[PDB]
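Have a look at the structure below before the remarks.
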Amino acid sequence: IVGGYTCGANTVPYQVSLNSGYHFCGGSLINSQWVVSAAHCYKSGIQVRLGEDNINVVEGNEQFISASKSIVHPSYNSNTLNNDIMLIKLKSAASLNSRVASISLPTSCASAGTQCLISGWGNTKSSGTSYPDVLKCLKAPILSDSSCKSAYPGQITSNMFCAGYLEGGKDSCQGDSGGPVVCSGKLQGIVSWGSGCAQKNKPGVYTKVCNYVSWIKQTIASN
Ligand SMILES: N=C(N)c1cccc(C[C@H](NS(=O)(=O)c2ccc3ccccc3c2)C(=O)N2CCNCC2)c1
Ligand SMILES: [Ca+2]
């Protein structure tokens, strides 16, 4: 997170860290056994880490559970990052408590202007590489589709939305991928891509989760 702030220990209880000997992506706990992340985060040998703040220290409240299966959306295109969504099933259910809780799916899409909370352990620098120990947070508004499309001509599909600041300086970045975009207590998006990080007139593009609620529900119900 570039331009964000320290969240505070376990203030984002649905935030998940995908680990494989190191943190490589984020995710969101949607129920005790299912995590929603980004398709481009797909990798084998995934350990899901819940209740994390400092990802390098064992402070307590953590729960390390292996992923039993990762279901990348069938129509995901690795070049356009369209349908950039993936479901991870936990080998065991998580122990839902105060510091580890699930987030709700949207029953409707969020409109431009809605303020959302984006979080993750990704790069904090625009020009360079700096990774945080603790979870960073960033509040950013969902931009308008015209603006989103004016920034990324011919690259935005109906399953994507822009969020962030056109002036730059505040944005998600590498390592945040898969992470949540919560608007009004509903998981509205997934950190997907963007041209660089926190650049002028180049806001972050996120996967529009509201277009996938049915798919998620049906997929989870069949596995
Ligand atoms: N600015 C953001 N909000 C943001 C969020 C996540 C990741 C990145 C870094 C990167 N930005 S980039 O300019 O290097 C970039 C942009 C679009 C891409 C599309 C396909 C493949 C790689 C791409 C890399 C990126 O978009 N990806 C990381 C690698 N995999 C796909 C997503 C930026
Ligand atoms: Ca920890």
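Nothing in this text is a laboratory measurement; each read-out follows from the coordinates by a stated rule. All Cβ positions, even for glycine, are placed from backbone atoms using ideal geometry, and neighbour counts span all protein chains on display.
Starting from 0 in steps of 5 Å, tell me what percent of the Cα-Cα pairs of region 174-223 lands in each bin.
4, 20, 21, 21, 17, 9, 4, 3, 1
Residue by residue through region 54-65, which ³J(HN,Hα) values in whole Hz follow from phi under the Karplus form 6.51 cos²θ - 1.76 cosθ + 1.60 (θ = phi - 60°), with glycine and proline marked x?
7, 6, 9, 10, 8, 9, x, 6, 7, 8, 9, 10
Quick check on my link table: of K170/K208; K149/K200; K136/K186; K186/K217; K69/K136, which ones sit more than 23 Å apart, alpha carbon to alpha carbon? Provide the component values of the computation, followed by the final result.
Details: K170/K208 20 Å; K149/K200 15 Å; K136/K186 19 Å; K186/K217 15 Å; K69/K136 28 Å.
Beyond 23 Å: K69/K136.
Excluding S158 itself, what net charge comes from residues whose Cβ is under 15 Å from its Cβ, given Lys and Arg +1 and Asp and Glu -1?
Details: positive: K149, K208; negative: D84, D145.
Value of the local net charge: 0.
Of the peptides 149-156, 192-199, 3-10, how do they stack up when ordered by the mean number of other Cβ atoms within 10 Å, highest first?
On the way: 149-156: 14.1, 192-199: 20.6, 3-10: 16.8.
In descending order of packing, they fall as 192-199, 3-10, 149-156.
Only four residue types carry charge here, +1 at the Cβ of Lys and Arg and -1 at the Cβ of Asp and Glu. Report the dipole size of region 90-223 about the Cα centre in Debye, rounded to the nearest 20.
On the way: 12 positive and 5 negative charges, 25 e Å.
Dipole of region 90-223, to the nearest 20 debye: 120 debye.
With the Cα gyration tensor of region 69-196 giving a ≥ b ≥ c as the square roots of its eigenvalues, does the rule (a/c under 1.5 for rounded; else a/b larger than b/c for prolate; else oblate) give rounded, prolate or oblate? The partial results should precede the final answer.
Numbers: a/c = 1.42, a/b = 1.24, b/c = 1.14.
It comes out rounded by the Cα gyration axes.
Going toward the positive end of the dipole of the chain, with +1 on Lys and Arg Cβ and -1 on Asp and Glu Cβ, which of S44, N123, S108 do you reach last?
Looking along the dipole axis, the top candidate is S108.
Apply the a/c threshold of 1.5 to the C-alpha gyration tensor of region 5-57 and tell me whether it is rounded, prolate or oblate.
Numbers: a/c = 1.85, a/b = 1.31, b/c = 1.42.
It comes out oblate by the Cα gyration axes.
Running a GNM on the chain with Cα contacts under 10 Å, which residue among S66, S147, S75 ends up with the highest mean-square fluctuation?
Fluctuation is largest for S75.
Among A67, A39, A112, whose mean-square fluctuation peaks in a Gaussian network model of the chain (Cα, cutoff 10 Å)?
In this elastic network of the chain, the residue with the biggest mean-square fluctuation among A67, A39, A112 is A112.
Taking amide H atoms as placed 1.01 Å from N in the peptide plane, list the residues 5 or more away in sequence, or in a different chain, whose amide H sits under 5 Å from that of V181.
Placed amide hydrogens put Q188, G189 under 5 Å from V181.
Between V205, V58, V72, find the one with the highest GNM mean-square fluctuation for the chain; connect C-alpha pairs within less than 10 Å.
Comparing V205, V58, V72 in a Gaussian network model of the chain, the most mobile one is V58.
Let a ≥ b ≥ c be the square roots of the eigenvalues of the Cα gyration tensor of the chain; is it rounded (a/c under 1.5), or, if not, prolate (a/b larger than b/c) or oblate?
Details: a/c = 1.61, a/b = 1.21, b/c = 1.32.
Since a/c reaches 1.5 but b/c is at least a/b, the shape of the chain is classed as oblate.
List the residues, sorted by chain then number, that are 5 or more residues from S68 or on another chain and whose placed amide H is less than 5 Å from its amide H.
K89, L90, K91
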